Each structure stands twice: as structure tokens, then as C-alpha cells.
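# Examining the three-dimensional arrangement
Listed below, chain by chain, are the residues.
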Amino acid sequence: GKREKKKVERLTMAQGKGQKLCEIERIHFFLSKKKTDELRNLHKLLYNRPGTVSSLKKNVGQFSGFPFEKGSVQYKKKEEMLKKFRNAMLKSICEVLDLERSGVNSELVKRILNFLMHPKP
Amino acid sequence: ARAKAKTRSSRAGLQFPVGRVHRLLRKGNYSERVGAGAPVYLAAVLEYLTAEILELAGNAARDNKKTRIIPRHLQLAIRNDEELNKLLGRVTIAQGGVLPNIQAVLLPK
Amino acid sequence: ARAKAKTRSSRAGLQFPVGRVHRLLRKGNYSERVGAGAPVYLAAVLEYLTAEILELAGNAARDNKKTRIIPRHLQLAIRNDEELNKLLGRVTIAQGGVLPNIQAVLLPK
Amino acid sequence: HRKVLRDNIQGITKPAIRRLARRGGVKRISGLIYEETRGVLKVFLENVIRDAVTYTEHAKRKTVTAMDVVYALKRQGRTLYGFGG
Amino acid sequence: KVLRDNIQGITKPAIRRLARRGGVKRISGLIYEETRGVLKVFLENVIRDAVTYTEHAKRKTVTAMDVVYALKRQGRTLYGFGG
Amino acid sequence: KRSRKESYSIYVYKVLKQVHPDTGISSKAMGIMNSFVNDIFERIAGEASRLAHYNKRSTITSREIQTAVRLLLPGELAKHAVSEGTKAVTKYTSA
Amino acid sequence: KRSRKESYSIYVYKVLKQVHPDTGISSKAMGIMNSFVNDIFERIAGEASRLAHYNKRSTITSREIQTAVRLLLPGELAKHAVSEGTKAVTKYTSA
Amino acid sequence: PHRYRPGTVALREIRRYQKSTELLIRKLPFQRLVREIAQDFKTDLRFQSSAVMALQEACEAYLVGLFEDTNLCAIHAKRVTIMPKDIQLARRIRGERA
Amino acid sequence: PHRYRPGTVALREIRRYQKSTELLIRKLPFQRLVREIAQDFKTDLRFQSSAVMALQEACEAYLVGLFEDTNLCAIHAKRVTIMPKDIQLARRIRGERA
DNA sequence: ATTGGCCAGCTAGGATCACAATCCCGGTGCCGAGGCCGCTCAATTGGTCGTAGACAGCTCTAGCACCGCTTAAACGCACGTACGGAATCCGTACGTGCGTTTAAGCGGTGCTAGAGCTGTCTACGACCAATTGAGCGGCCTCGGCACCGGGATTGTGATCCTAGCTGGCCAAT
DNA sequence: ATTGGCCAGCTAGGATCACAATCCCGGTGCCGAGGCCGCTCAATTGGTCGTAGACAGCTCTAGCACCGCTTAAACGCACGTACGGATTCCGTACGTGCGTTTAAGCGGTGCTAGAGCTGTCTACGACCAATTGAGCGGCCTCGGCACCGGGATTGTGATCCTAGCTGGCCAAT
């Protein structure tokens, strides 16, 4: 019979159990008063990665707490970022969250994280 | 006393000239001696290949609604057929152009 | 009555056998007739190339402080010489290995 | 007398491919590449052996002589020196 | 007469057109000098072989057949010139 | 009357009429086919020549062409071409 | 007494002694050189053959080898090889 | 007011120059180039037009294939602009060399 | 306690297998492979040892050159790990094809 | 008396419009594809003759098969760290378009080198027979080189030391 | 109530230490390289024949040169978006090093298919002359198709409308 016409092959190459940070009016006031570039470190903690500085104000303001529980592996992953931060920026994260600005490094870690597990007015 | 001369071609049922092939073989000094069936077989082979090419090309012509085969239809026929493209992969066909191939990535979304 | 037989080679001042070349040419059916000076010239050419290869290889041997050429030396000689590498670029030399080439990027800093 | 040697391509073991790559100057190798390169190889050998066995069938011999293999490669455009070519 | 510096006659847009035929969408302005140099190399080789056949024949017109045969040597066989 | 250059055009034409009676072909195409045929022929014949010296054999017979074909044409081409050639040479010997 | 297979070994060995009197050569190397010489020879001779048919010419003379050489060997090889060959054939014709 | 987004007309151009076969390099400049090259090997050469035409078909084909390969490389680097490093690469892999 | 940083021993290995020439594939497995392949073209073939040896030299050379080219590609993508897309690329450019 | 709902302003997504690139269809006039004819010479036909290659028969080298120790390599898995690759944001270089400049292309004319042919004749190579010594294989023998044990040197990875910085409390403001 | 310094602690880089890898020096033996011998076949030598190819001469094709006009393509610039590429971070997939398994390697024996050579002979192909009809060039013509223009469709970019948030005013607070 006739051949079959074999064609060629070619090489072709977070809104958990809390109130939103925009609904928590004091935190919304801080997020409106600070320059957007302050928020990067917070969004890094909130999502384990900071997004665009264009969306960053939305990304922090729309957050309503972690869905998780304290002591869990995700909480430990939040402690990793907070322990890798430094006390001045941790006290700024306290200030914009309306948290009091005192504490040793490990207290700043646990106190910020206990709040961001359940952020409320 | 002389049988009616009929070309070996006829004896073979081919369109390509067998005798011409024979002559070329002996004129090419491929060997001091050339068997009788060799030019027959060779002619047949060439004929076949030609037929194949011309078939595919003409198909491609009917796809361009073109009745007459031009160098592009050969290029299309060959490159679209894997078996030939392997045969003729080192070959550049004048006035053949290229087979349309825009790499996927290059197209916008 | 018979002059002292001296090989055409001697007449040419070559180490490669001219007569052997001649014989091969006629045994290869390259052409019905082979001129007299063709095997001379051919032998000379081959001889030259051989000489070149061996020279380079032996050089490379003294660089390995090795007195005796082994295939690796040939591979080194050839690939390190551009002109030959062009000549013998499609050639794979058994037991030749590779010319040492660690791409710059791969080295740590 | 006659035994099928199926599924023998895995005999081109991972470390062998690793050694060949090192000869190539390859520093770091994905672990998935090995099945790809076996497939490549099989293809190559298919072609070579095809041509070799072809020559042999023409000579009416039943044993593919080294001279066949070299001549096959020569047609592949990959001339091999060192076997009487 | 001595024709000189004609390689610029392979004008930028002509390289751009060839690239488009290749399916090239975007071209760095550095390509042009590279592709001219490449092309000069190529021609050098082809023309050396063609001229060499001519010399051997003792013709003085380089003939289309000579170019085709040169390419054939390079493994670049050309169909459509009487090969 | 001057020296006349042989080509294959007319045969290609005949073939083409067998395959596509309604279809014609441009001169340029014919030059392509001429060159192509010549090239294939050269490859096969040269292969045969070498494959005959290889065996210290002097004569290209159907066997050498067949072998050469198998070497050059890849797969389905090889098969069909071989089969056809065999058919043709059979028919030739029968008459 | 059995069929004896021709090679070039002894000539290669002579050449080598002219180039590196202190140096020897392994058998394997010799097999390489044999193959190499054969390959070069084949390329040149085949080129000559084709370049002679190309001209409707029947005979390979010094001119065809010379041309073939120029085609195959790149640059400095071409030059020196041509020069040497010319020298040799000159010396041959002189005696 | 009308202005194509960069890369649109480019894609239209590609579709055009692939559908087409005509010679992409102006003939007369290429001719004068060829003659310039020949001038190094033999003085006062004469070229049949056909010969020049053949060389052009060959040189175009060569470059076209070169750019195909080059493009392949460039995409394979997740780039889109082909750069000289991509051509040099293409050649090095083909076994052509600098 | 001693442990080479990853990529050191690798570089040592490279320097070794390039200084060396010996056959990188175990001979007997390769042999059995060759025979497995032949089994499709002709039944109960016999191979001179020399033939197998030739095949091996060829196969090794081919792959080695393939990896050289592949590595070139990989570096050209600023990567170090060669991957199958790099081999496929190498072949596509050489004119070998899937 | 001051500022949060109401409206106005700004922005993003969907919808809409403009318009120009592509397609489709007819018509048209062009010129190359295709047929015809007559002549030529390469293909054919028959006969003859050497001749090389199919064939059987032979000898034996070399491939295959199987076996059993000895390692070295292949293997699997644990551990971890360098890598690939997703994100990101900068500069900008490359595209696109416009207006101006260049020369490619056409075509037309004129000139002449040199392609291509033919005829002469002759040096060169095929050929044959006789000659012979260069090259082969077989034997032998002996130096290069793989190896290995011991040192010496370098490269790598792990470690210590010196330095600058950070936090809470105390001292000074 | 704020600011600067101190002790303790920490981290980075330059250095130090240890060890493995690499290298180097020299002794060992072993086996493949290299030399010698006689034979033989291939190379050489000489004389003959013819024919391939060098050379000369003629024709005339076609390559070159040059000009002018038209115009599309090339060029140069402005402009701005998308892109390349730098940066960072993360996860895991490689790499590395253990112990374990396994089958590669080696050497040996036994078996024999099948490589290789030789002799027979004749079917097949070379060569020749005589035949001739297939194939080439010239010419004539006539349909395919490239081009043009109008209409239609699609695709692309530009635009508008609506939904949402933010800012200001009057009315509410």
C-alpha cells in the first residue's frame, strides 16, 4: 500500500478570627499616618513574603488575623520572622498595631504574634 | 528478424529511463561492471521518491487552492513530512522560504 | 641492460610508498586513468600531514615527559591545534578521551 | 541458545552517566536526566546498529565485524579512528 | 576597481527581515555587527571553494554550478541551479 | 544545433500526471526536481560503489542498490522503496 | 601463509624517526595513524574523482590532487602541503 | 491617534515574511559584497548572474536557520531578545566556530 | 569529622575523568545492551568483540560531546544543573531530532 | 458650633467604537507551461567472448556459553546546603512611527572578454612480460612504563582570635 | 522624661590547624615495541599503442559598464513601553558520605558455528555493429495567476460607562 503521512515533531520552548486592620480604627490610623514603605516588614510577617509596594497598603489593611492557633507550626514560622527581626523594627510593629512599646526580644516576638493571631480593638 | 524495439523501461513498467540510469552508472566509474538489474532497481527507486514528493507537494497546492506546483509547495511538502525532512534535512531549496513557525512563547496572551 | 631498480619513492624523496598509492587509486576506480604525478603528489601530501600530526603529538609527549606516543597524545595534539581540529572535527579517536576544559563559571571563587 | 535480553538498558547505570557527564565537564546533574539520556543513547545505538547490520546482511556474513561498525559510523558522519577503518 | 567596505550593504533592516523570517521577535542592536561578521565568514568559505573550482577549470567566470558544488562540499546542498 | 544538456524533466512530468492529473508544475519546480533526482541518484550510486569496493567486489547488482537504499532512506521510505524496486526488477526479469 | 592485509605502519614509523629519533609509538597509535592516513587519502582521492567528472575530464593529474588539497585542508595546511607536493613532483620529474 | 503596542507589528511582520519567499536582501548590494569578497582570492573575476543568485539563496538560508537556532537558545534562557552571546552559542553547538 | 562542601569533589572528579581515557561504561552491560538492540534487526547475531569495543568508543564519544554542548547551553541560561530541556535543545540545534 | 452623609472627583474593569489589517470575491491582462514537429543520437537488439562470482568443500579461529572467587562498584538512605526559580523593582534600550534622504531596480545601449565549440597532434598512460627486492609474519629480546611505598606539598574544611555592633541598666541631662 | 556609656554577648573576617588529595622520587618486572630473516608478491623496467587532452582558432553569449527615472527602502530622530537583569527569598533537590548488595571483571574450559580460503564453472556483462524511435529544441498558444479594486470580516487599540473609594460642603451633630 501507500505510506502513511507521518507529521514532523519540532522542539518548541489572610482573614482569620480577628477584626480587619482597616476596621481596627487605631491600626487604620497608624497605617494611614506612616509612609507605605514602613509596612513591608509587617506584610513579610503576615504572608511569609512581602508583595508589591503598590498593593502593600491594601495587603496589610485587609488582614484580619491568622486562621491558626498559638504554639502550632505556622505560629513557630511567625516566631522565625519575628526572631530574625530587630528590636527597633519590632517596637515599630508594636506601635502601628497599637501594642505597648516595651519588652525583651522574645516578649516582642510572643506579644506581637499573640495579637496577630486575634487582632481586635 | 528483429524484434520490435521496446525500451527496457517498458519491460520494467517505469517512467524514469532505465537506460539513462545505466549509462550514467557506467559513465560515473562507480565500478568496472554494472549488473543488468541495478539500473532497473535504481530507476524504480528514484521514480518512487519523485512520485512521493510530487504527491505531497500537489496536495499542499490544493491546500493553497493553487493548481501548479512552485518551490514553496515542495518546501512545505518536504518539511511537513518527517521521513523526507530526515532525508533532505541538509538541503536548502532555492525560493522555498520557510515553514511557518512562531514559537509559542513569542505570542502575546 | 637493466637499470638498478629504485622505487619511485626514492625518485620523489618520500617515506610514503608512491606505488602503493598508485595501486590503490587504480583499484578504487576513481577514474579510468590515473596520471603518473598524481600518486607522487598524493603520497607527498599524506606524508606531510602524518609528519605534522606526529610532530605535534611527540611534542605533547615530551610535555607529559612520556617518551612514547599513545592515543591521548594524538587527541591533545589535534584538538590543541586549530587547523587540524578543523580538519578532524568530526572524528572520534578511540582511547583519546577529552581535552581538559572546565568552564570558567563552574570554578568556585 | 536464543534468549531475549529485554529491559537491559537500565544497565547503563546512573553512576556511569554521572562519569560520562563529568568527562563532559558537567558539575551538577538533575536526577531526572538519566532516563532521558538512556533514551537518547538507545536512539543513537538503534541507528548505528541498523546501518552495521545492514552492511553485514549485504556481505552475507552473520557476524557484524568491527569493520561494519566503523563504516556505519562513517555514514553517520562520525568517523572512528583505531579499528582498521 | 577596488570595491571596499561593502559589507555595510547588508543593511540593518535586511538583517531585521531575515530575523523575522527566522521567527525572531526582538533583536538587540549588537546583533548586526555579529551577523555581518558571521556572514562574511560564511561567504569567505563558499567563495574560496567556488573560486578554487573555477581556477582548476581555468575558466574565469565563477559559475552557478561552482557555487552549488562548493555548498555540496560544505553539506549545504542547493537545489534549483542545475545540480 | 549545439551541445544539448540532459535533464530528467519529462519523466518527472509523466510521474506527476500519474499522481495529480489536474496539476501542473512550474519550470523552477522542475529545476528543483532535476537537482533532487540527480542528488538522490548520486547518493545511491556512490553508496553502491563504496559498498562494492568494501567487499572487494567489482559489480553493482540489485543487491548493492537495495542495500544502499536501506542505508540512505529512513524507515517507511526504505521499506516501500525496496518493495517497489523488487517488484519492478521482478517484472523486468519475467519478460 | 594466509591473506595478508596491507597497512601503512612501516612508513609512519619511518616518518616518525625523521621527526623524533628518540620517540617510539604504540601499536594502538599506529592503528589510529593507519585509519587516519586512509581517511585523508580517501577524502582527497574522492574529491579528485568528483572534480574530474565535474570537468567531463577522465584523468587525475597533479592539478586535480592540488585542487582537492586546497579544498580540503584549511589554510596553513593547504599552503604548506601544496608547496611540498609541488617540490616532490618537481624532483620526481627532474630524474 | 493609533499606535501598535510594541511587539504587535513585529508578529504581523513575522507572519508576513514567513508566508513569503522573495529575497530578503537587496540584490545589488549583496552582489557588490560578493565581488568585494572575491577580490581577495582572484583579481578581475566575473560572476554569472545565476552564480550570485545561488550564493544569495545559500546565504539567506544559512542566516535564517542560524536565527531559528538562535531564537531557540534565547527562549531557552527565558529571554526574547536574541543577543550575540546566543548566536555565538548556536554556532559553537552546530560546530561552526569563531 | 570531614565533609567536602558540595561541588568540590565534583570538580576533583572532573579533573580526574578528563585526565583519564579508560572506558567510562562497564563493558559487559553495554555488550548485553548492544545485543538487546540488535535482536530487533536480526535474530541470533554474533558480534566480534572488537565490534562491540568500537561501538562503545563511538557511543561514549557521542554522549561526551553531547554533554559538552548541553553544559554550554546550561551555563548560557546562567544555570549549572543540566536538565533534559538542555539536552533536547542541544540535539535540536545539532540537527539531531526527537 | 463642627463635621459625617451627599455629591463630585478619581480610578479600574467591562463594554463599546473606530478603524485598519486581513480576507474574499470578481475581473484582466500577462507570459510561462505545455503541446507539436522534425531532426538527431543514445537506447536497443543480436551475437560473441572472456571472466569473475555463486557455489561446495574444506580448515580452524574466534565467538559463545558456563563456572567460581574477588573485589569494586552500584545501591539505598540520611542529612543538609547550594541551587533554581518565583517574586520583585529599577533603568533603558529597543521598538514604532514620522519625515526626510538614498540608491535599488528597471530598462536600454554599447562594448568585448572569454565561454564553448571544433580540429590537430601528440605526450602520456594502459598494457604485457620479465625482473626483483620491499614488505610481511614469525621469533626474539629488553627497555618504557604502570605500579607502589614512602615522603613532600597543596587544597580544603574546621577552628580560634580580633574586631565592631547591640541591649538593659546606671549616670547625666 | 531623655541621652550616652558599660558589661556581656554576639557576629565577620583573617588567621591557624588538621587532614586528604595530589604530586613527586625512585625501585621493580613485564610485556609490547622494536629489530632481524626469508620469502613472496607487488613494485619496477622496458617497449608498444592510441587516445585523452593540450593548444589554437572561431563564434557569439553574456558579463560588464554606464545613464537616467522612479520610488520604496533606508536612514535619523523622538518617544515610551516592555523588557533584561539585578535583587531577595524560599523550598527542596541535588550532592555527599555511610553501609550494604551485586554482578563486573578475570581466568579457565569446552563447544562449534561460521569466517575465511580455494576450485569449478558458467551465467552474466562487456564489447561491437546495425537499428531507430525516444528525446531535445523551436516555436505557438492560451489558461493560471499576480494584481487591482470594492466589499466584508476580524483584530487591535482607543474610548466610554459604571462601580468603587476619597475629599469637600451643608446639615447634622
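Scoring rules and cut-offs
Residues numbered from 1 in each chain as written, not as in the entry; some residues may be left out. Chains lettered and ligands numbered in written order. Heavy atoms only, no water. Helix = DSSP H or I, 4+ residues; strand = E, 2+ residues; numbered from the N terminus. Rg over C-alpha atoms; globule rule 2.2 N^0.38 Å. Buried < 20%, exposed > 50% of the residue type's maximum accessible area, 1.4 Å probe, protein only. Contact = heavy atoms within 4.5 Å. Areas by Shrake-Rupley, 256 points an atom, 1.4 Å probe, with all protein chains shown as cover. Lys, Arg positive; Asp, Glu negative; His and termini not counted. Charge placed at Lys NZ, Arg CZ, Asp CG, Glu CD. Near = heavy atom within 4 Å. Polar contact = N/O pair within 3.5 Å; in protein donor to acceptor, adjacent residues only side chain to side chain. Nonpolar A, V, L, I, M, F, W, Y, C, P; charged D, E, K, R; others polar. Buried area = accessible area lost by both parts, 1.4 Å probe. Salt bridge = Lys/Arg side-chain N within 4 Å of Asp/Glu carboxyl O. Pairing = 2+ DSSP bridges. Expected span 1.5 Å × (residues − 1). 1 Å grid on protein atoms, 1.4 Å probe; cavity = no way out; pocket = protein on both sides within 12 Å on 5 of 7 lines; lining within 4 Å. Points joined across faces, edges and corners; volume = space filled by probe spheres on them. Axes fitted to C-alpha atoms, helices over the stretch in contact; angles between N-to-C directions. Left-handed = near helix turned anticlockwise from the far one by under 90°. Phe/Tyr/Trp six-rings, centres within 6.5 Å; stacked < 30°, edge-to-face > 60°. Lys NZ or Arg CZ within 6 Å of the ring centre and 35° of its normal.

What the deposited record gives as its method is cryo-EM, and the resolution it gives is 3.2 Å.

## Digging into the overall build of chain H
Along chain H, the regular secondary structure elements total four helices and two strands. Taking 13 Å as the expected radius of gyration for a compact globule of 98 residues, we find that chain H reaches 17 Å, considerably beyond that expectation. Principal axes of the C-alpha set define a box for chain H whose edges measure 50 × 40 × 20 Å. When burial is assessed residue by residue, chain H has 54% of its 98 residues classed as buried. At a minimum sequence separation of 6, the contacts of chain H that also span at least 24 residues come to 40%. Total accessible area computed for chain H in this model is approximately 4,900 Å², and 48% of it derives from carbon and sulfur atoms. Taking the 19 positively charged and 11 negatively charged side chains of chain H as two groups, their mean positions are separated by 7 Å.

## Regarding the overall build of chain D
Per the secondary structure count, chain D includes three helices and three strands. For chain D, the N- to C-terminal ordering of α and β elements is α-β-α-β-α-β. For 85 residues, the compact-globule estimate of 2.2 N^0.38 gives 12 Å, and chain D exceeds it by more than 25% at 16 Å. Dimensions of chain D along its principal axes, counting C-alpha atoms only, are 45 × 35 × 15 Å. Among the 85 residues that make up chain D, the fraction classed as buried is 56%. In chain D, of all internal contacts separated by at least 6 residues, the share reaching a separation of at least 24 is 30%. As displayed, chain D offers around 3,600 Å² of accessible surface, 49% of which is attributable to carbon and sulfur atoms. Each charge class in chain D can be summarised by its mean position, and for the 19 positive and 7 negative side chains these summaries are 7 Å apart.

## Some thoughts on the protein's contact with DNA strand J
Around DNA strand J, a shell composed of 87 residues is seen, among which C:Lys4, E:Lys60, F:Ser3, F:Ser27 and H:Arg32 lie nearest. What you see for DNA strand J is that sugar and phosphate hold 97% of its atoms within 4 Å of the protein. Within the backbone of E:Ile27, one N or O atom sits 2.9 Å away from a phosphate oxygen of DNA strand J. Here the surface near DNA strand J takes five residues from helix α1 (residues 8–19) of chain H, the largest share from any one element. Grouping the constituent residues of the surface near DNA strand J by class yields 23 nonpolar, 26 polar and 38 charged.

## Examining the interface of chain E and chain G
Frequently, the measure chosen for interface size is the accessible area that the parts lose on association. At the junction of the two partners, chain E supplies 13 residues and chain G supplies 11 residues. Interface of chain E and chain G: buried area, both sides summed, is about 1,200 Å²; carbon and sulfur atoms make up 52% of it. If you sort the residues of chain E by the area they bury against chain G, E:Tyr53, E:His56 and E:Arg73 come out on top, with a joint share of 51%. For the interface between chain E and chain G, the tally reads one salt bridge.

## Observations regarding the arrangement of the chains
At the C-alpha level, the nearest point of chain A lies 34 Å from chain G, with no contact between them. Here chain F and chain H are not in contact; the least distance found between their C-alpha atoms is 13 Å.

## Quick notes on unusual backbone geometry
At A:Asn48, a residue that is not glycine, the phi angle is positive and equals roughly 65 degrees. By the element assignment, A:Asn48 lies in the loop between α2 (40–47) and α3 (56–61). Judged by relative accessible area, which is 39%, A:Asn48 ranks as partly exposed. One non-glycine residue, I:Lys78, adopts positive backbone phi at about 60 degrees. Checked against the element boundaries, I:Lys78 lands in the loop between α3 (49–76) and β2 (81–82).

## Looking at the interface of chain B and chain F
Counting residues at the interface gives 52 residues for chain B, matched by 55 residues for chain F. Together, the buried faces of chain B and chain F total about 5,000 Å²; carbon and sulfur atoms form 72% of this surface. Put simply, chain B and chain F have zero salt bridges between them. Only α1 (8–12), α2 (18–27), β1 (33–34), α3 (37–63), β2 (68–69), α4 (71–80) and α5 (82–87) of chain B provide two or more residues apiece to the side of chain B that touches chain F. Of the residues belonging to the side of chain B that touches chain F, the class tally is 31 nonpolar, 10 polar and 11 charged. Across two bridges, the pairing between β2(B) and strand β1 (residues 24–25) of chain F is parallel. Each bridged residue has a counterpart across the sheet, and for B:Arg68 the counterpart in β1(F) is F:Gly24.

## Here's the deal with the protein's contact with DNA strand K
Lining the immediate environment of DNA strand K, one finds 82 residues, of which B:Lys4, B:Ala36, E:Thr11, G:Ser27 and H:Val80 sit closest. Contact distances for DNA strand K include 3.1 Å between a base oxygen and a side-chain N or O atom of C:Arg2. With respect to DNA strand K, the side chain of I:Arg12 contributes an N or O atom lying 3.1 Å from a sugar or linking oxygen. Tallied by class, the residues present in the surface near DNA strand K amount to 22 nonpolar, 23 polar and 37 charged.

## Section: helix α6 (residues 105–117) of chain A
All names here are of chain A. Along its 13 residues, α6 runs 18 Å from first to last C-alpha, staying within 8% of the 18 Å computed at 1.5 Å per residue. Along α6, the residues that are buried comprise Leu108, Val109, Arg111, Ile112, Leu113, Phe115, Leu116 and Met117. In this structure, the buried residues of α6 make contact with α1 (25–33), α2, α4 (73–84) and α5 (87–96).

## Considerations on empty space enclosed by the protein
Quantified by volume, the largest cavity comes out at close to 50 Å³. Along its surface, the largest cavity is lined by A:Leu31, A:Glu38, A:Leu39, A:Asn41, A:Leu42, A:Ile93 and A:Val96. Sorting the residues of the lining of the largest cavity by element identifies α2 and α5 of chain A as the ones contributing at least two each. Looking at the lining of the largest cavity residue by residue, the classes come out as five nonpolar, one polar and one charged. In this structure, the second largest cavity is lined by C:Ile78, C:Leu88, C:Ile93, D:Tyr81, G:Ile32, G:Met33 and G:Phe36. No other element matches the three residues that helix α2 (residues 27–54) of chain G contributes to the lining of the second largest cavity. Of the residues assigned to the lining of the second largest cavity, the class counts are seven nonpolar, no polar and no charged.

## Side note on the environment of F:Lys5
Mapping F:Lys5 onto the fold places it in the segment before α1 (9–19). Between the C-alpha atoms of F:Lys5 and F:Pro74, which are 69 residues apart in sequence, the distance is 32 Å.

## Regarding the side chain of B:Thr92
Turning to its location among the elements, B:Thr92 is positioned in strand β3 (residues 92–93). Those residues in contact with B:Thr92, other than ones at most four positions away along the chain, are E:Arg76, E:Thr77, E:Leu78, E:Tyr79 and H:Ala61.

## Thoughts on the layout of surface pockets
The space that makes up the second largest pocket amounts to roughly 430 Å³. Among the secondary structure elements, those contributing two or more residues to the lining of the second largest pocket are α3 of chain B together with α1 and α4 (76–94) of chain F. Considering every element that reaches the lining of the second largest pocket, the biggest residue donor is α4(F), with six residues.

## Section: the packing of helix α2 (residues 31–57) of chain E against helix α2 (residues 27–38) of chain H
It is at 10 Å that the axes of α2(E) and α2(H) come closest, and there the two elements cross at 65 degrees. Two packed elements cross with a definite hand, and for α2(E) against α2(H) that hand is right-handed. Each of E:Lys40, E:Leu43, E:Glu44 and E:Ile47 in α2(E) lies in contact with α2(H), whose residues at this interface are H:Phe30, H:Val34, H:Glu36, H:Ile37 and H:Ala38.

## Some thoughts on the packing of aromatic side chains
Enumeration over the complete set of coordinates arrives at 19 aromatic pairs over all chains. One aromatic cluster is present, formed by A:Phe63, A:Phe66 and A:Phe68 through successive ring pairs. The ring of D:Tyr71 has D:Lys74 lying over it, and the distance from NZ or CZ to the ring centre is 5.3 Å. Positioned above the aromatic ring of E:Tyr69, the side-chain terminus of E:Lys72 is 5.6 Å from the ring centre.

## Quick notes on the environment of A:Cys22
Residues and elements named next belong to chain A. With respect to the helices and strands, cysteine 22 occurs in the segment before α1. Through-space distance from the C-alpha of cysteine 22 to that of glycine 61 is 4.8 Å; in sequence the pair is 39 residues apart. Among residues more than four places away in sequence, those in contact with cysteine 22 are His28, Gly61 and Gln62.

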